[PDB]
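Enquirer: got an experimental structure here, sequence first:
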Amino acid sequence: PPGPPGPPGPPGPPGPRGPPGXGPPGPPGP
Amino acid sequence: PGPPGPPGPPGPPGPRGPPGXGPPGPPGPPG
Amino acid sequence: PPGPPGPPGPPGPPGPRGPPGXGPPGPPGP
């Protein structure tokens, strides 16, 4: 018969970079 | 004597991607 | 007798997309 199965493969590659983040209004003028 | 066994199963997913790179807010109100 | 243990499995899929990034305050008002 065939031999036993081989080993699991390696982890896949990293996922893509996330989306850009979301700043507040600037300071008031004096 | 028999032939090679089947390939192994797929690996797990890769790691989550890195965090993204936000824009400035609007100008402040007038004084 | 059985054959040899089999070849390596394939890589997993890509990981999930990253989270959103972290912006600055806007410019001061006039």
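Expert: In hand now; what should we look at? Numbers count the residues shown, from 1 in each chain, chains lettered A, B, ... in the order given.
Enquirer: so which bits of chain A are right by chain B?
Expert: A:1-30 (C-beta under 8 Å from any C-beta of the partner chain). Any C-beta I mention is one placed from the backbone N, CA and C, and that applies to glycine too.
Enquirer: restricted to helices, list those.
Expert: Among these, no member is found in helices (DSSP state H).
Enquirer: show me those residues that map onto strands.
Expert: Among these, no residue falls in strands (DSSP state E).
Enquirer: select only the buried ones of the residues you listed in PyMOL?
Expert: Entered in PyMOL, the line below selects the buried ones among the residues of chain A next to chain B, by 16 or more other C-beta atoms under 10 Å in any protein chain shown:
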select buried, chain A and resi 3+5+6+8+9+11+12+14+15+18+25+26
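Enquirer: what about chain C: which of the residues of chain A next to chain B touch it?
Expert: Answer for the residues of chain A next to chain B near chain C (C-beta under 8 Å from any C-beta): A:1-29.
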